[PDB]
């Protein structure tokens, strides 16, 4: 429904912060919610944060709640993932996702999305 482009990845020292961005294009008005997923080395991809476009409501995975926050700029059709107090375990490829439909799956799970970005790498040095 929309093409997604992440940016902002990089290498950061443990304890530091990093801000990722995701720009959506295409049928941007069809977006119901967008979320960030990440795949750590050798592990399965997991949902980390989601934001509902209409009301800006947000939900987070236990692994990052309190440290990571997701926000948006609907004018620019973009969503951001602010990361504070990063730790080596947060090292992973971060993917942006979007859904044009109200799926009957948790917005923190992959089955709830139908558009996916290519991912941006975040590496946190011990």
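Numbering follows the first chain given and starts at 1.
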When the Cα temperature factors in the entry are averaged, is it 7 to 15 or 106 to 114 that ends up higher? 7 to 15
Got a sec? Mean C-alpha B-factor, which is higher, 45 to 53 or 22 to 30? 22 to 30
Top Cα B factor in the deposited entry, candidates 39, 69, 72, 99: 72
If you rank the chain by CA B-factor, which third does residue 85 end up in: lowest, middle or highest? middle
Taking only the Cα B-factors deposited for this chain, tell me whether residue 77 sits in the lowest, middle or highest third. highest
